[PDB]
Each structure stands twice: as structure tokens, then as C-alpha cells.
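**Q** Residue numbers (the authors' numbering), protein chains in the order written: chain B, 99 to 286; chain A, 100 to 269, 273 to 286. I'd like to ask you about the structure that follows.
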Amino acid sequence: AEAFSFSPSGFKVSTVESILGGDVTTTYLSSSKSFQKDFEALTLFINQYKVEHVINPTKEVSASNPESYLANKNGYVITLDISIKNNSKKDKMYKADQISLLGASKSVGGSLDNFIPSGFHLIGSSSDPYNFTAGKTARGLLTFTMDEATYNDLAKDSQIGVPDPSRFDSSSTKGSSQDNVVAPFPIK
Amino acid sequence: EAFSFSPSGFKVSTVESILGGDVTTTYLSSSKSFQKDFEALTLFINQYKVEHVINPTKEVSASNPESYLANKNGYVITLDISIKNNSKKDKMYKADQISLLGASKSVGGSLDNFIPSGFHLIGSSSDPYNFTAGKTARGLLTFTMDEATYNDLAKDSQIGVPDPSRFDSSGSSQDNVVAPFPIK
Ligand code: NA
Ligand code: NA
């Protein structure tokens, strides 16, 4: 496999190495579906994910680009291939960058941009990437970027926190009605 | 008696005043239990209580999120927290983005629900989310949930406290904290 894609072989190609250089290794790969949650209207699937260890990065990265966090230190990038299926007849909002990884004493927020090539972003609709068209399934990437200590903190019994889409639904007026999921999410 | 930050004052049930029914404090932590020094802000948890609400009897406006527990049993967890701004510049923080992280569920906080007048966490008179340089703000943060959700959290309970950097206009540099938070 030469170019990154959502296929089983394409997914193994390192966007991270293309950006940071250095010594990059895939330390964990989960190539089969590992999560499905049916909320009221949206179903979220995790199709596959990978964990990459970057040491001794060597490429130039714009200091203002959030990816630069790992341009001058070792760390890990965890890339998830996710799908959001809208089962409703109405468009629904979701903000997948609000998904987090939960470790022992640290948590890491998701990104819909870091280490994600054009063509592979999670986009609900052209009018608004956060608005998921009725009936459709959108597929794209979500990444978590961290230093080595943070990976080590998450290494055993990490979880993934997935907010209820109701947080983003203007008709929902009680925060306590949210069914926010916390699920096992091994990264080692 | 009236609510206050004293050890006995903190035990006064604002929740019962709003919901009626039968309200019982099932867990009480009366000594400082959490401190994190972020870049500019230090956040402390001074004390907290867990209250079980059974069969509320008082009317609550439907437009008030407190009404989540107007017609069901549940729990309200109230924290007394302080935020000190060690910087020479005012800093933003939205403490309602703190969450309780359970075994399989999480619950977001509120700076409004079940909090008595005079005890809100208010960073400054300009904007409650803006914390005045060199000052310490103190006030309440609550978490409201049904019984099943409490039971889930209580099995394996942590608190998630976001790095204030997320609210500072000027991501992986975030030092987001997860801390033990026993609630039974
Ligand atoms: Na944890
Ligand atoms: Na937990």
C-alpha cells in the first residue's frame, strides 16, 4: 500500500511520518469494528484505529500548526476511522472533536484535523461539516495527539468518552438527559 | 439554618428547598481533596456532598433544568470549588465543562442547578467565566443525574477537569486532569 485510504491496507500508511519524519512505528492496530453506539438518531461506529509512536522527529512543521506539538519531542498519535450514520429523516448536529480518550490521570481531546489528509475528514454535509444529512453515513478520521508520559498514563484500561448527540440538538433542554458513553478503548 | 461555606453550613440542602421530597446526604467530603496548578489558574475542591432525591414534591418550572428531577428520583452532587488566578492578566475558565467520569457514563457540570443565591462561582463582575488577576473565586458546581447514572458513576468515579488553555485564545499541550472522586 502506497497511499493512505480507508481500506485495510491503505489505513496502515503513515500520514504522521509524512508530516513529522523521525522514527515512526505502529505499536497497536485494531482493524475490525470495535464500537457501535445507537443514540436517538445517530449511530457512531469505530471502524478501525491505529496507535503510532513517534520518536526523534526530524521534519519542519509550522510552529503554529497543532501538529507541531510532536515536531520537537517524542509522542503518540492515535488515529480512528469512524462513521456516523443518521437514521433520522432530519439532519442532526454532531461535533466528533468533543470525543476524548480517558486515562488514569489525564485525558486527551480529539481532533478532526491533526494528521488527517484532505479527502479523509469527517464531514456531515457541505453546508456544515458538523451537520449530518438525514439518512446518510459520513466516514472520516479523528486523531488524538500526546506525549510519551500521556500515552503511558492511558496505556492500561483507557476509555473513550463519546458525548450524546443531544448536547448539540437545540430541542434538547436538559443536560442530564444526555446519555454520554464511556467505553473501553485499549491502545496497547 | 442557612447555607454557607462552613462545615455545617455546607450541609444545608439547597436541593431539598427546590425539590421537596425526601433528600438525604449519602456521602460528604468536608476537607480539601483536589488541587491542580495549571499555567495561570489553580483549581481547588474544598468539599463536596452527594444527595439522593426521592419522590420530589415541589413544582419546578419546566424551562428550568432543575426540573429534570421534578418527577423522578435522582442524585445531585454539589462541589465547593475555588479558582485562583496567579497571572497578572484576567483568564477565562468554564467550570461547567468539568465532568464526572463513571464506569460507563459521564455527566457534565452546571454552575446554575441547585445553587443558592450568593454562592455561584463568579470569576468577575464582567463575566462569570472571566477570572480576575490575583484573585480567588469560590462557589458551587453541581452534577444532576438519575439513579442508574449515579450507580454507574459510583462504581468507578473520577472527575475530569479541563486545562484552562482550551479557553485561552492565544491543543495537545493541554494538561487535562482526571482525578479520583469517590462518591460513596
Ligand atoms: Na481513568
Ligand atoms: Na470512571
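Cβ atoms here follow ideal geometry from the backbone N, Cα and C, with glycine treated the same way.
1) Checking the sheet assignment: what are the DSSP bridge partners for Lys135 of chain B?
2) How far does the beta strand (DSSP E) with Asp179 of chain B in it reach, from first residue to last?
3) Tell me whether the beta-carbon of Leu140 of chain A lies closer than 9 Å to the beta-carbon of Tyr192 of chain A.
4) My assumption, with CB atoms under 8 Å, is that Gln257 of chain A sits in contact with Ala281 of chain A. Please give the rounded CB distance.
5) Could you have a look at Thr113 of chain A and say whether DSSP puts it in helix, strand or coil?
6) Roughly how many whole angstroms lie between the Cα atoms of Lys171 of chain B and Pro155 of chain B?
7) I need the DSSP call for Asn229 of chain B, collapsed to helix, strand or coil.
8) Mind listing, in chain order, the continuous beta strand (DSSP E) runs of no fewer than 3 residues lying wholly within the stretch 230-255 of chain B?
9) Assuming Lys187 of chain B is part of the beta strand (DSSP E), what are its boundary residues?
10) With a cut-off of 9 Å, does the C-beta of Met244 of chain B fall near any C-beta of chain A?
11) Hey, which residues come within less than 7 Å of ligand 2, measuring from Cβ to any heavy atom, in chain order?
12) Determine, using beta carbons only, whether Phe242 of chain A and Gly207 of chain A come nearer to each other than 9 Å.
13) Spell out a yes or no on whether the stretch 171-183 of chain B and the stretch 144-161 of chain B are touching, meaning 3 or more CB-CB pairs, one atom from each, closer than 8 Å.
14) Have a look at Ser225 of chain B and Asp189 of chain B and give me their C-alpha separation to the nearest angstrom.
15) In whole angstroms, what is the alpha-carbon distance linking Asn145 of chain A and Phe143 of chain B?
16) Tell me, please, whether the CB atom of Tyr147 of chain B is closer than 9 Å to any CB atom in chain A?
**A** Considering the structure as presented:
1) In DSSP, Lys135 of chain B forms a bridge with B:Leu142.
2) Segment 173-184, the beta strand (DSSP E) holding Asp179 of chain B.
3) Going by C-beta atoms, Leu140 of chain A is nearer than 9 Å to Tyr192 of chain A.
4) 6 Å between Cβ atoms; contact.
5) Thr113 of chain A falls in the helix class under three-state DSSP.
6) Cα-Cα distance, rounded: 7 Å.
7) The three-state reading of DSSP puts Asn229 of chain B in strand, counting E and B together.
8) If you keep only unbroken beta strand (DSSP E) runs of at least 3 residues inside the stretch 230-255 of chain B, you get 235-245.
9) That residue, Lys187 of chain B, is in no beta strand (DSSP E); it is neither H nor E in DSSP.
10) At a cut-off of 9 Å between C-beta atoms, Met244 of chain B counts as an interface residue with respect to chain A.
11) Those residues whose C-beta sits under 7 Å from the nearest heavy atom of ligand 2 are, from N- to C-terminal order along the chain, B:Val280, A:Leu200, A:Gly201, A:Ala202, A:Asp255, A:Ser256, A:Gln257.
12) Against a cut-off of 9 Å, the Cβ pair of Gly207 of chain A and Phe242 of chain A comes out as a contact.
13) Touching, yes, given that three or more Cβ pairs across the two stretches are closer than 8 Å.
14) The alpha-carbon atoms of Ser225 of chain B and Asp189 of chain B are separated by roughly 11 Å.
15) Cα to Cα, the separation comes out at about 40 Å.
16) Not an interface residue.
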